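In what follows, a structure is listed as structure tokens, so that the remarks can point back to it.
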Amino acid sequence: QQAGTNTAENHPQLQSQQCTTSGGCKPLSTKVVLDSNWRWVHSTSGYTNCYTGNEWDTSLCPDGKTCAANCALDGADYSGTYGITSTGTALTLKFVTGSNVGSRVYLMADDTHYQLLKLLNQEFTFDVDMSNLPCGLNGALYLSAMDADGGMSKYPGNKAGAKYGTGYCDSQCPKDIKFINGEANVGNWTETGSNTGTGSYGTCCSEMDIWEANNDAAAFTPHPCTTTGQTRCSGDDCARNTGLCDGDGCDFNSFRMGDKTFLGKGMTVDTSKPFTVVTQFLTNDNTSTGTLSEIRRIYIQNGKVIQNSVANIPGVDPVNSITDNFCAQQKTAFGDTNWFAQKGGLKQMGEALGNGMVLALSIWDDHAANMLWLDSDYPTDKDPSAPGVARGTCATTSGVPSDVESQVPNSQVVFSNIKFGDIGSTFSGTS
Ligand SMILES: OC[C@H]1O[C@@H](O[C@H]2[C@H](O)[C@@H](O)[C@H](O)O[C@@H]2CO)[C@H](O)[C@@H](O)[C@@H]1O
Ligand SMILES: *[C@@H]1O[C@H](CO)[C@@H](O)[C@H](O)[C@H]1NC(C)=O
């Protein structure tokens, strides 16, 4: 896609801190950028849309390469159109704004490069307020193995780059992405909703889901893929789980793992109020060249340090971190296949972390599964009593997008105090 000039692109500031054991924390003047899927796409010579609603203009966009040459991404009114605002250290993402639903932004080092995070033997910390984020919604903070320039160097057809939020990929190999590899994804375009559709290609890469949550339930989940970096897929390579990527991941949700009173309204981690979330990525030898061996989670609320809940499921060791062993045991007890290990488990996840990943923040509803996999019983054809089926207390009729968009459109999530660096250095303790 080309870079449009009808609307200036001014990225909101979102400061983060980089931390070391000896030096403490130092601020970075990072920014955020709206993902390309949400932007206005129009002819490079004017104001005519290349895409409107859920369909492309066949005149401007007869094939992918022609479309990418004729069509430009333009600047965005972050607050006005998309309900995205920043204080400079806290990002608020609103659910419905006019006819817009949800958003996704990326953390930027400067105006043309995403911030590349290398988190092996490191930790990531942030604060979250989910008081106004109910059943059926997801406020997510995650890492994807995207290129720092949004694909510009690899794909001549992409002249927009990270400045316009290009180059998404994730472990679900999504085919709903409009531009992939510098070409419009217009082949066999099929409508899937009022403003969405899918094309013949998907875009896949490894993903680390640090936080997917609402005030009823939370999960953190590595998704390794057999490839390295963003890759366009077609046909069976895009199929979920059986293709290049593990779409299911190895998840840790405290309610699913048998502690129904750990996290939620008025619980140990009280989701009615703000709290801090720490995630540490440990290697077998405590160096940044080692193999990823455990992912640990700590919470802090009202100054109390809260260790992660322990698994309480028959056949699963009572542990509170993600390791390859836990993943194998959980996949058995719950009756799911271990696609995670097939793609290479934590070691393959670590190689992606090592190579650097991009941070995404987003608010969304789920057309396919109604977020029931996060906060309800899932899958809907399994006994609500079997281990691994119940993931929260929300009703099985909740999360219908048409419903939540009418019922709770002013829902929002606030992410703040983003910090990363040496293990044990983004937070402290005392007696
Ligand atoms: O696609 C919805 C959701 O799936 C999540 O995986 C589920 C999987 O679908 C289900 O078969 C299994 O029982 O549980 C896992 C974990 O919830 C996946 O982790 C999500 O990213 C995805 O959005
Ligand atoms: C790595 O650090 C952990 C602290 O989490 C410690 O238990 C362990 O002994 C260290 N291992 C090595 C090889 O130093």
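By convention here, the chains of the structure tokens are called A, B, ... in the order presented, each chain's residues are numbered starting at 1, and ligands are numbered starting at 1 in the order presented.
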task = Kindly work out which residues sit at most 9 Å from ligand 2, using only C-alpha atoms and all ligand atoms, and give the list as number ranges by chain.
result = A: 282-287, 423
Residues from the last selection, N, CA, C and O atoms, saved as a PDB file, in the first residue's frame:
ATOM      1  N   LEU A 282      12.252 -16.810  31.745  1.00  0.00           N
ATOM      2  CA  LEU A 282      13.486 -17.412  32.233  1.00  0.00           C
ATOM      3  C   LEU A 282      14.102 -18.412  31.301  1.00  0.00           C
ATOM      4  O   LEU A 282      13.395 -19.165  30.674  1.00  0.00           O
ATOM      5  N   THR A 283      15.427 -18.362  31.177  1.00  0.00           N
ATOM      6  CA  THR A 283      16.159 -19.351  30.344  1.00  0.00           C
ATOM      7  C   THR A 283      16.848 -20.388  31.212  1.00  0.00           C
ATOM      8  O   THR A 283      17.048 -20.180  32.366  1.00  0.00           O
ATOM      9  N   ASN A 284      17.271 -21.514  30.617  1.00  0.00           N
ATOM     10  CA  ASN A 284      17.841 -22.587  31.433  1.00  0.00           C
ATOM     11  C   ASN A 284      19.136 -22.228  32.126  1.00  0.00           C
ATOM     12  O   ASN A 284      19.391 -22.800  33.196  1.00  0.00           O
ATOM     13  N   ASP A 285      19.898 -21.311  31.584  1.00  0.00           N
ATOM     14  CA  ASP A 285      21.144 -20.880  32.160  1.00  0.00           C
ATOM     15  C   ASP A 285      21.209 -19.406  32.545  1.00  0.00           C
ATOM     16  O   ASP A 285      22.251 -18.819  32.785  1.00  0.00           O
ATOM     17  N   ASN A 286      20.060 -18.764  32.652  1.00  0.00           N
ATOM     18  CA  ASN A 286      20.066 -17.386  33.036  1.00  0.00           C
ATOM     19  C   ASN A 286      20.901 -16.474  32.191  1.00  0.00           C
ATOM     20  O   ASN A 286      21.395 -15.539  32.667  1.00  0.00           O
ATOM     21  N   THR A 287      20.989 -16.721  30.912  1.00  0.00           N
ATOM     22  CA  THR A 287      21.566 -15.779  29.974  1.00  0.00           C
ATOM     23  C   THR A 287      20.555 -15.554  28.850  1.00  0.00           C
ATOM     24  O   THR A 287      19.665 -16.350  28.642  1.00  0.00           O
ATOM     25  N   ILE A 423      15.313  -9.267  34.854  1.00  0.00           N
ATOM     26  CA  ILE A 423      14.512  -9.963  35.859  1.00  0.00           C
ATOM     27  C   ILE A 423      14.718  -9.438  37.276  1.00  0.00           C
ATOM     28  O   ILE A 423      15.857  -9.208  37.739  1.00  0.00           O
TER      29      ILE A 423
END
Could you build a table of the residues in stretch 346-430 of chain A lying no more than 9 Å from stretch 137-159 of chain A, giving for each the nearest pair of atoms and their separation in Å rounded to one decimal place, using only C-alpha atoms, ordered by chain and ascending residue number, as JSON lines?
{"residue": "A:352", "atom": "CA", "partner": "A:145", "partner_atom": "CA", "distance": 6.6}
{"residue": "A:353", "atom": "CA", "partner": "A:145", "partner_atom": "CA", "distance": 8.0}
{"residue": "A:355", "atom": "CA", "partner": "A:145", "partner_atom": "CA", "distance": 8.2}
{"residue": "A:356", "atom": "CA", "partner": "A:145", "partner_atom": "CA", "distance": 6.9}
{"residue": "A:357", "atom": "CA", "partner": "A:145", "partner_atom": "CA", "distance": 4.6}
{"residue": "A:358", "atom": "CA", "partner": "A:144", "partner_atom": "CA", "distance": 5.4}
{"residue": "A:359", "atom": "CA", "partner": "A:143", "partner_atom": "CA", "distance": 4.6}
{"residue": "A:360", "atom": "CA", "partner": "A:142", "partner_atom": "CA", "distance": 5.3}
{"residue": "A:361", "atom": "CA", "partner": "A:141", "partner_atom": "CA", "distance": 4.6}
{"residue": "A:362", "atom": "CA", "partner": "A:140", "partner_atom": "CA", "distance": 5.2}
{"residue": "A:363", "atom": "CA", "partner": "A:139", "partner_atom": "CA", "distance": 4.6}
{"residue": "A:364", "atom": "CA", "partner": "A:138", "partner_atom": "CA", "distance": 5.5}
{"residue": "A:365", "atom": "CA", "partner": "A:137", "partner_atom": "CA", "distance": 5.1}
{"residue": "A:366", "atom": "CA", "partner": "A:137", "partner_atom": "CA", "distance": 7.6}
{"residue": "A:370", "atom": "CA", "partner": "A:137", "partner_atom": "CA", "distance": 8.6}
{"residue": "A:371", "atom": "CA", "partner": "A:137", "partner_atom": "CA", "distance": 6.9}
{"residue": "A:374", "atom": "CA", "partner": "A:138", "partner_atom": "CA", "distance": 8.5}
{"residue": "A:399", "atom": "CA", "partner": "A:137", "partner_atom": "CA", "distance": 6.9}
{"residue": "A:401", "atom": "CA", "partner": "A:137", "partner_atom": "CA", "distance": 9.0}
{"residue": "A:404", "atom": "CA", "partner": "A:137", "partner_atom": "CA", "distance": 8.0}
{"residue": "A:411", "atom": "CA", "partner": "A:137", "partner_atom": "CA", "distance": 8.5}
{"residue": "A:412", "atom": "CA", "partner": "A:139", "partner_atom": "CA", "distance": 8.1}
{"residue": "A:413", "atom": "CA", "partner": "A:139", "partner_atom": "CA", "distance": 6.1}
{"residue": "A:414", "atom": "CA", "partner": "A:139", "partner_atom": "CA", "distance": 8.6}
{"residue": "A:415", "atom": "CA", "partner": "A:141", "partner_atom": "CA", "distance": 8.6}
Option closest in space to residue A:199, from A:314, A:235, A:222, A:335 [counting only C-alpha atoms] = A:235
All residues 6 Å or closer to stretch 202-218 of chain A, only C-alpha atoms, same chain fewer than 3 positions away omitted, as a ChimeraX atom specification = /A:130,133-134,138-145,169-171,173-175,221-225,229-233,253,264,271,375,392
Write the residues of the selection above to a file with N, CA and C atoms, as a short mmCIF file (atom, residue, chain, number, x, y, z; two decimals), in the first residue's frame.
data_model
loop_
_atom_site.label_atom_id
_atom_site.label_comp_id
_atom_site.auth_asym_id
_atom_site.auth_seq_id
_atom_site.Cartn_x
_atom_site.Cartn_y
_atom_site.Cartn_z
N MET A 130 -9.46 -2.84 34.44
CA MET A 130 -10.52 -3.54 33.73
C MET A 130 -11.89 -3.35 34.38
N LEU A 133 -14.54 -3.27 31.79
CA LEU A 133 -14.32 -4.23 30.72
C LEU A 133 -15.00 -5.56 31.04
N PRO A 134 -16.26 -5.69 30.67
CA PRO A 134 -17.06 -6.86 31.06
C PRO A 134 -17.00 -8.12 30.24
N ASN A 138 -12.37 -8.37 25.25
CA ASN A 138 -11.00 -8.80 25.56
C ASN A 138 -10.11 -7.54 25.44
N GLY A 139 -9.40 -7.22 26.52
CA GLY A 139 -8.38 -6.21 26.45
C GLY A 139 -7.08 -6.98 26.44
N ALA A 140 -6.31 -6.90 25.35
CA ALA A 140 -5.18 -7.76 25.13
C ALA A 140 -3.89 -6.95 24.94
N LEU A 141 -2.81 -7.53 25.48
CA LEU A 141 -1.45 -6.94 25.37
C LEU A 141 -0.66 -8.18 25.00
N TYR A 142 -0.02 -8.12 23.85
CA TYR A 142 0.71 -9.26 23.27
C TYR A 142 1.89 -8.94 22.38
N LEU A 143 2.74 -9.95 22.14
CA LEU A 143 3.88 -9.76 21.26
C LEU A 143 3.72 -10.60 20.03
N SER A 144 4.07 -10.01 18.88
CA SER A 144 4.05 -10.70 17.57
C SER A 144 5.39 -10.55 16.87
N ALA A 145 5.82 -11.55 16.10
CA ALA A 145 7.12 -11.49 15.43
C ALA A 145 7.03 -10.72 14.10
N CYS A 169 0.99 -9.98 11.74
CA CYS A 169 0.94 -11.43 11.62
C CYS A 169 0.66 -11.96 13.02
N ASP A 170 0.07 -13.14 13.12
CA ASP A 170 -0.13 -13.81 14.39
C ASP A 170 -0.30 -15.30 14.19
N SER A 171 -0.55 -15.99 15.27
CA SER A 171 -0.48 -17.43 15.26
C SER A 171 -1.73 -18.11 14.73
N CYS A 173 -2.78 -17.19 11.78
CA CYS A 173 -2.63 -17.00 10.31
C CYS A 173 -3.84 -16.29 9.72
N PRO A 174 -4.24 -15.16 10.27
CA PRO A 174 -5.51 -14.52 9.84
C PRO A 174 -5.51 -14.15 8.37
N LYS A 175 -6.65 -14.42 7.75
CA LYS A 175 -6.89 -14.09 6.34
C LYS A 175 -7.74 -12.84 6.17
N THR A 221 -0.54 -16.89 27.35
CA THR A 221 -0.39 -17.98 26.36
C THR A 221 0.71 -17.81 25.29
N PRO A 222 1.80 -18.58 25.32
CA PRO A 222 2.69 -18.66 24.19
C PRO A 222 2.12 -19.48 22.99
N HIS A 223 2.31 -18.98 21.75
CA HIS A 223 1.97 -19.64 20.49
C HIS A 223 3.15 -19.74 19.57
N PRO A 224 3.92 -20.83 19.60
CA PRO A 224 5.05 -20.93 18.69
C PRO A 224 4.63 -21.31 17.24
N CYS A 225 5.44 -20.94 16.27
CA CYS A 225 5.18 -21.35 14.89
C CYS A 225 6.43 -21.94 14.31
N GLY A 229 9.60 -15.42 11.59
CA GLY A 229 9.21 -14.12 11.12
C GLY A 229 7.87 -14.22 10.39
N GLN A 230 7.45 -13.08 9.93
CA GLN A 230 6.19 -12.97 9.20
C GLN A 230 6.23 -13.71 7.86
N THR A 231 5.25 -14.59 7.62
CA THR A 231 5.21 -15.39 6.42
C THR A 231 3.76 -15.41 5.90
N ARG A 232 3.58 -15.20 4.60
CA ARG A 232 2.31 -15.25 3.97
C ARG A 232 2.05 -16.74 3.71
N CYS A 233 0.83 -17.20 3.96
CA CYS A 233 0.40 -18.60 3.78
C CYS A 233 -0.82 -18.69 2.87
N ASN A 253 -4.87 -20.01 32.52
CA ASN A 253 -6.01 -19.27 33.02
C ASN A 253 -6.32 -19.85 34.42
N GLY A 264 -10.94 -12.00 39.68
CA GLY A 264 -12.29 -11.57 39.39
C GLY A 264 -12.72 -10.47 40.34
N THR A 271 -10.47 -7.39 40.25
CA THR A 271 -10.56 -6.80 38.88
C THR A 271 -11.44 -5.56 38.78
N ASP A 375 -14.00 -16.84 29.12
CA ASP A 375 -14.67 -16.48 30.31
C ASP A 375 -15.91 -17.36 30.49
N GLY A 392 -14.61 -19.42 33.13
CA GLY A 392 -15.04 -18.33 33.88
C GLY A 392 -16.47 -18.56 34.22
#
Which chain A residues have any atom within 7 Å of an atom of ligand 1, and for each, what is the nearest pair of atoms with distance in Å to one decimal, counting only C-alpha atoms and all ligand atoms, rows sorted by chain and number, as JSON lines?
{"residue": "A:221", "atom": "CA", "partner": "ligand 1", "partner_atom_place_in_ligand_line": "19 (O)", "distance": 6.6}
{"residue": "A:247", "atom": "CA", "partner": "ligand 1", "partner_atom_place_in_ligand_line": "18 (C)", "distance": 5.9}
{"residue": "A:248", "atom": "CA", "partner": "ligand 1", "partner_atom_place_in_ligand_line": "6 (O)", "distance": 3.9}
{"residue": "A:249", "atom": "CA", "partner": "ligand 1", "partner_atom_place_in_ligand_line": "19 (O)", "distance": 5.2}
{"residue": "A:251", "atom": "CA", "partner": "ligand 1", "partner_atom_place_in_ligand_line": "16 (C)", "distance": 6.0}
{"residue": "A:336", "atom": "CA", "partner": "ligand 1", "partner_atom_place_in_ligand_line": "13 (O)", "distance": 6.2}
{"residue": "A:369", "atom": "CA", "partner": "ligand 1", "partner_atom_place_in_ligand_line": "2 (C)", "distance": 6.0}
{"residue": "A:373", "atom": "CA", "partner": "ligand 1", "partner_atom_place_in_ligand_line": "17 (O)", "distance": 4.7}
{"residue": "A:374", "atom": "CA", "partner": "ligand 1", "partner_atom_place_in_ligand_line": "17 (O)", "distance": 6.1}
{"residue": "A:378", "atom": "CA", "partner": "ligand 1", "partner_atom_place_in_ligand_line": "13 (O)", "distance": 6.4}
{"residue": "A:379", "atom": "CA", "partner": "ligand 1", "partner_atom_place_in_ligand_line": "13 (O)", "distance": 6.2}
{"residue": "A:388", "atom": "CA", "partner": "ligand 1", "partner_atom_place_in_ligand_line": "13 (O)", "distance": 6.8}
{"residue": "A:389", "atom": "CA", "partner": "ligand 1", "partner_atom_place_in_ligand_line": "13 (O)", "distance": 6.8}
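Taking only stretch 43-195 of chain A, the residues that DSSP calls alpha helix (DSSP H) from the backbone come to residues 64, 65, 66, 67, 68, 69, 70, 78, 79, 80, 81 and 82 of chain A.
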Counting only C-alpha atoms, which residues in stretch 131-211 of chain A sit no more than 8 Å from stretch 44-66 of chain A? For each one, give the nearest pair of atoms and the distance in Å, sorted by chain then residue number, as JSON lines.
{"residue": "A:157", "atom": "CA", "partner": "A:65", "partner_atom": "CA", "distance": 7.2}
{"residue": "A:182", "atom": "CA", "partner": "A:65", "partner_atom": "CA", "distance": 7.7}
{"residue": "A:183", "atom": "CA", "partner": "A:64", "partner_atom": "CA", "distance": 4.8}
{"residue": "A:184", "atom": "CA", "partner": "A:64", "partner_atom": "CA", "distance": 4.3}
{"residue": "A:185", "atom": "CA", "partner": "A:64", "partner_atom": "CA", "distance": 6.0}
{"residue": "A:186", "atom": "CA", "partner": "A:64", "partner_atom": "CA", "distance": 5.9}
{"residue": "A:187", "atom": "CA", "partner": "A:63", "partner_atom": "CA", "distance": 7.2}
{"residue": "A:189", "atom": "CA", "partner": "A:55", "partner_atom": "CA", "distance": 7.8}
{"residue": "A:191", "atom": "CA", "partner": "A:54", "partner_atom": "CA", "distance": 6.0}
{"residue": "A:192", "atom": "CA", "partner": "A:54", "partner_atom": "CA", "distance": 7.8}
{"residue": "A:193", "atom": "CA", "partner": "A:54", "partner_atom": "CA", "distance": 7.0}
{"residue": "A:194", "atom": "CA", "partner": "A:54", "partner_atom": "CA", "distance": 5.8}
{"residue": "A:195", "atom": "CA", "partner": "A:54", "partner_atom": "CA", "distance": 4.4}
{"residue": "A:196", "atom": "CA", "partner": "A:54", "partner_atom": "CA", "distance": 4.9}
{"residue": "A:197", "atom": "CA", "partner": "A:54", "partner_atom": "CA", "distance": 5.9}
Saved selection, atoms kept: C-alpha atoms, as a PDB file, in the first residue's frame:
ATOM      1  CA  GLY A 157       4.656  -2.916  -2.850  1.00  0.00           C
ATOM      2  CA  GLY A 182       2.863  -5.417  -0.091  1.00  0.00           C
ATOM      3  CA  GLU A 183      -0.173  -6.706  -1.967  1.00  0.00           C
ATOM      4  CA  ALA A 184      -3.896  -6.249  -1.332  1.00  0.00           C
ATOM      5  CA  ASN A 185      -5.444  -9.526  -0.148  1.00  0.00           C
ATOM      6  CA  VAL A 186      -8.249  -9.293  -2.684  1.00  0.00           C
ATOM      7  CA  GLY A 187      -8.291 -12.846  -4.063  1.00  0.00           C
ATOM      8  CA  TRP A 189     -12.604 -11.893  -1.211  1.00  0.00           C
ATOM      9  CA  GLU A 191     -17.554 -10.925   3.338  1.00  0.00           C
ATOM     10  CA  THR A 192     -17.625 -12.024   6.993  1.00  0.00           C
ATOM     11  CA  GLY A 193     -19.389  -9.122   8.566  1.00  0.00           C
ATOM     12  CA  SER A 194     -20.520  -5.576   7.979  1.00  0.00           C
ATOM     13  CA  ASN A 195     -16.989  -4.147   7.808  1.00  0.00           C
ATOM     14  CA  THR A 196     -14.876  -7.248   7.460  1.00  0.00           C
ATOM     15  CA  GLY A 197     -13.913  -9.943   5.010  1.00  0.00           C
TER      16      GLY A 197
END
